[PDB]
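Next comes protein.cif, a file with mmCIF, C-alpha atoms (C1' of nucleotides).
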data_work
#
loop_
_atom_site.group_PDB
_atom_site.id
_atom_site.type_symbol
_atom_site.label_atom_id
_atom_site.label_comp_id
_atom_site.auth_asym_id
_atom_site.auth_seq_id
_atom_site.Cartn_x
_atom_site.Cartn_y
_atom_site.Cartn_z
ATOM 1 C CA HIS A 414 81.670 -70.412 26.520
ATOM 2 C CA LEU A 415 79.302 -69.420 23.744
ATOM 3 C CA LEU A 416 76.722 -68.377 26.369
ATOM 4 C CA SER A 417 78.891 -65.301 27.094
ATOM 5 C CA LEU A 418 79.421 -64.086 23.508
ATOM 6 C CA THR A 419 76.874 -62.159 21.461
ATOM 7 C CA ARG A 420 74.271 -63.924 19.332
ATOM 8 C CA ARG A 421 75.909 -62.441 16.224
ATOM 9 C CA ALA A 422 79.225 -63.975 17.373
ATOM 10 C CA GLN A 423 77.966 -67.537 16.924
ATOM 11 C CA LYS A 424 77.950 -67.324 13.079
ATOM 12 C CA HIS A 425 80.815 -69.785 12.586
ATOM 13 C CA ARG A 426 79.550 -72.508 14.931
ATOM 14 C CA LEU A 427 76.218 -73.940 13.750
ATOM 15 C CA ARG A 428 76.698 -73.921 9.940
ATOM 16 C CA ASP A 429 76.823 -77.721 9.674
ATOM 17 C CA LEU A 430 73.764 -78.302 11.864
ATOM 18 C CA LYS A 431 71.822 -75.780 9.769
ATOM 19 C CA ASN A 432 72.847 -77.760 6.681
ATOM 20 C CA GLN A 433 71.773 -81.003 8.369
ATOM 21 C CA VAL A 434 68.385 -79.656 9.470
ATOM 22 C CA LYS A 435 67.686 -78.188 6.016
ATOM 23 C CA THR A 436 68.529 -81.544 4.419
ATOM 24 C CA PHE A 437 66.412 -83.392 7.005
ATOM 25 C CA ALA A 438 63.358 -81.129 6.644
ATOM 26 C CA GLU A 439 62.864 -82.280 3.040
ATOM 27 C CA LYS A 440 62.627 -86.060 3.360
ATOM 28 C CA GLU A 441 60.187 -86.405 6.284
ATOM 29 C CA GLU A 442 58.310 -83.156 7.038
ATOM 30 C CA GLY A 443 58.664 -80.571 4.239
ATOM 31 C CA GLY A 444 59.647 -77.428 6.160
ATOM 32 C CA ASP A 445 58.632 -78.163 9.749
ATOM 33 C CA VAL A 446 61.229 -76.120 11.644
ATOM 34 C CA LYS A 447 59.538 -76.346 15.054
ATOM 35 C CA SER A 448 59.125 -80.049 15.783
ATOM 36 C CA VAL A 449 62.512 -81.358 14.613
ATOM 37 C CA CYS A 450 64.213 -79.127 17.181
ATOM 38 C CA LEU A 451 61.494 -79.288 19.858
ATOM 39 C CA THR A 452 61.365 -83.062 20.274
ATOM 40 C CA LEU A 453 65.165 -83.178 20.048
ATOM 41 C CA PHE A 454 65.805 -80.584 22.764
ATOM 42 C CA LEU A 455 62.998 -81.490 25.182
ATOM 43 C CA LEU A 456 64.203 -85.110 25.172
ATOM 44 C CA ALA A 457 67.936 -84.306 25.236
ATOM 45 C CA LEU A 458 67.426 -82.155 28.330
ATOM 46 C CA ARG A 459 65.892 -85.220 29.986
ATOM 47 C CA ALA A 460 69.083 -87.186 29.205
ATOM 48 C CA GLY A 461 70.674 -85.875 32.372
ATOM 49 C CA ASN A 462 67.272 -85.320 33.848
ATOM 50 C CA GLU A 463 66.019 -82.979 36.524
ATOM 51 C CA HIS A 464 62.294 -82.362 36.146
ATOM 52 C CA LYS A 465 62.654 -78.672 37.114
ATOM 53 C CA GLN A 466 62.990 -77.859 33.408
ATOM 54 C CA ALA A 467 60.624 -80.601 32.191
ATOM 55 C CA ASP A 468 57.749 -78.441 33.448
ATOM 56 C CA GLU A 469 59.229 -75.284 31.906
ATOM 57 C CA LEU A 470 59.841 -77.001 28.555
ATOM 58 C CA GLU A 471 56.410 -78.645 28.276
ATOM 59 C CA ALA A 472 54.151 -75.560 28.426
ATOM 60 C CA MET A 473 56.648 -73.403 26.480
ATOM 61 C CA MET A 474 54.769 -73.549 23.150
ATOM 62 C CA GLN A 475 51.252 -74.996 22.998
ATOM 63 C CA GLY A 476 49.411 -74.967 26.334
ATOM 64 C CA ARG A 477 48.963 -72.535 27.642
ATOM 65 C CA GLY A 478 50.226 -69.060 26.825
ATOM 66 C CA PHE A 479 53.911 -68.881 27.836
ATOM 67 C CA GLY A 480 53.577 -66.330 29.074
ATOM 68 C CA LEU A 481 49.977 -65.728 30.079
ATOM 69 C CA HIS A 482 47.740 -66.372 27.072
ATOM 70 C CA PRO A 483 46.577 -63.285 25.104
ATOM 71 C CA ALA A 484 42.913 -63.907 25.976
ATOM 72 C CA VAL A 485 43.784 -64.070 29.685
ATOM 73 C CA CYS A 486 45.653 -60.777 29.314
ATOM 74 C CA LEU A 487 42.621 -59.253 27.600
ATOM 75 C CA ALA A 488 40.296 -60.457 30.365
ATOM 76 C CA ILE A 489 42.613 -59.200 33.127
ATOM 77 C CA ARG A 490 42.727 -55.822 31.373
ATOM 78 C CA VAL A 491 39.013 -55.316 30.674
ATOM 79 C "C1'" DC B 1 117.015 -66.929 29.322
ATOM 80 C "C1'" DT B 2 114.618 -62.227 28.063
ATOM 81 C "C1'" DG B 3 112.878 -58.174 25.456
ATOM 82 C "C1'" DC B 4 109.598 -56.139 21.596
ATOM 83 C "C1'" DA B 5 108.134 -56.167 16.516
ATOM 84 C "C1'" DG B 6 105.563 -58.013 13.662
ATOM 85 C "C1'" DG B 7 104.662 -62.623 10.904
ATOM 86 C "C1'" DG B 8 100.814 -65.817 10.601
ATOM 87 C "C1'" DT B 9 96.275 -68.201 13.180
ATOM 88 C "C1'" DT B 10 91.096 -68.366 14.659
ATOM 89 C "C1'" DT B 11 87.117 -66.079 16.181
ATOM 90 C "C1'" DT B 12 84.719 -61.810 17.253
ATOM 91 C "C1'" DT B 13 82.282 -57.968 15.452
ATOM 92 C "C1'" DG B 14 80.285 -56.350 12.167
ATOM 93 C "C1'" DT B 15 80.654 -55.390 7.175
ATOM 94 C "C1'" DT B 16 77.183 -54.116 2.244
ATOM 95 C "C1'" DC B 17 71.195 -54.949 0.312
ATOM 96 C "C1'" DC B 18 67.279 -56.296 -0.952
ATOM 97 C "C1'" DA B 19 62.540 -59.344 0.108
ATOM 98 C "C1'" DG B 20 60.400 -59.072 3.882
ATOM 99 C "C1'" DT B 21 58.138 -59.393 9.838
ATOM 100 C "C1'" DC B 22 57.796 -57.226 14.091
ATOM 101 C "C1'" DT B 23 58.005 -53.604 17.545
ATOM 102 C "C1'" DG B 24 57.593 -49.048 19.548
ATOM 103 C "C1'" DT B 25 56.689 -44.242 19.307
ATOM 104 C "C1'" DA B 26 54.610 -40.154 16.626
ATOM 105 C "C1'" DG B 27 50.406 -37.684 14.739
ATOM 106 C "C1'" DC B 28 45.709 -36.779 15.230
ATOM 107 C "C1'" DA B 29 41.819 -33.176 18.379
ATOM 108 C "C1'" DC B 30 40.658 -32.790 22.779
ATOM 109 C "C1'" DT B 31 40.021 -33.556 28.540
ATOM 110 C "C1'" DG B 32 39.897 -31.752 33.295
ATOM 111 C "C1'" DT B 33 41.327 -29.489 37.783
ATOM 112 C "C1'" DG B 34 40.097 -24.222 38.081
ATOM 113 C "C1'" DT B 35 32.499 -23.160 41.084
ATOM 114 C "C1'" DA B 36 29.935 -17.010 45.433
ATOM 115 C "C1'" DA B 37 29.091 -13.589 48.009
ATOM 116 C "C1'" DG B 38 30.503 -8.898 48.747
ATOM 117 C "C1'" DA B 39 31.408 -3.769 47.506
ATOM 118 C "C1'" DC B 40 29.366 0.479 45.825
ATOM 119 C "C1'" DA B 41 26.429 4.151 43.864
ATOM 120 C "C1'" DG B 42 21.973 5.987 43.210
ATOM 121 C "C1'" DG B 43 16.746 6.422 43.999
ATOM 122 C "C1'" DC B 44 13.301 7.049 47.500
ATOM 123 C "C1'" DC B 45 10.120 6.612 51.365
ATOM 124 C "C1'" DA B 46 8.675 6.564 55.965
ATOM 125 C "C1'" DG B 47 8.787 8.087 60.159
ATOM 126 C "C1'" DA B 48 10.361 11.625 63.016
ATOM 127 C "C1'" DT B 49 10.110 16.735 63.968
ATOM 128 C "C1'" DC B 50 8.849 21.840 63.980
#

Rewrite the coordinates I just gave you, this time as C-alpha cells.
Amino acid sequence: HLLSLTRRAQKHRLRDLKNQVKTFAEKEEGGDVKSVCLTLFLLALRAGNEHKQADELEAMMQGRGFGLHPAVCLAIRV
DNA sequence: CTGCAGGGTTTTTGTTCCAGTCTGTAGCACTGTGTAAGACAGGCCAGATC
C-alpha cells in the first residue's frame, strides 16, 4: 500500500490527476489549488461516513489555528 | 519435476539544476552564582610599685 512507501516513491501514481487538476483549475477558478481538493476530500471522506474525522477535517484550515492559532501561542507565551 | 543464470518487466529510489520558500542553528557581547571577621605588629599609657 502506498501509505508504506516514501513520499518520493509515489511519483508514478498521480500524474494523470495532476494533469486533470491543472486542466480544471483554468476553466472555473484560475489557480485555486486549495478548494478543488478540499471540498472533494472532505465530502469523499463522508461517503463512508464516521463523524470522528468530520470534526478533524472541518477546523483543519480556516477556524481556528490547527494547531493552536499563532496569536493564542503568543498570548500563552507572554 | 528441480536447480541457478540471466533475459525481460514494473516500481522504488533517487538521479542532475536552476527559480525560488521555509526551517533551524550560528554569530554577535555579555550575565550570574561566587558577599566578613580575624590575625599580627607596633605605639603608648595608666596604674601598680619601690

Ranking B:20, B:13, B:46, B:33 by minimum distance to chain A and counting only C-alpha atoms (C1' of nucleotides), which one comes first?
B:13

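The space between atom CA of residue 469 of chain A and atom CA of residue 433 of chain A spans 27.3 Å.
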
Since I can't run it myself right now, could you work out what the PyMOL selection byres ((chain B) within 9 of (chain A)) selects here and report it as a ChimeraX atom specification?
/B:11-14

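When atom CA of residue 471 of chain A is paired with atom CA of residue 449 of chain A, their separation reads 15.2 Å.
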
Step by step, gather every atom of segment 34-42 of chain B that the file lists, find the box along x, y and z that holds them, add 8 Å on each side, and finally give centre and edge lengths in Å to one decimal, as JSON.
{"center_x": 31.0, "center_y": -9.1, "center_z": 43.4, "size_x": 34.1, "size_y": 46.2, "size_z": 26.7}

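Distance annotation: of A:450, A:416, A:489, A:474, the residue with the minimal separation from residue 430 of chain A is A:450; atom set is all atoms listed in the file.
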
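Across the structure, atom CA of residue 432 of chain A and atom CA of residue 447 of chain A are spaced 15.8 Å apart.
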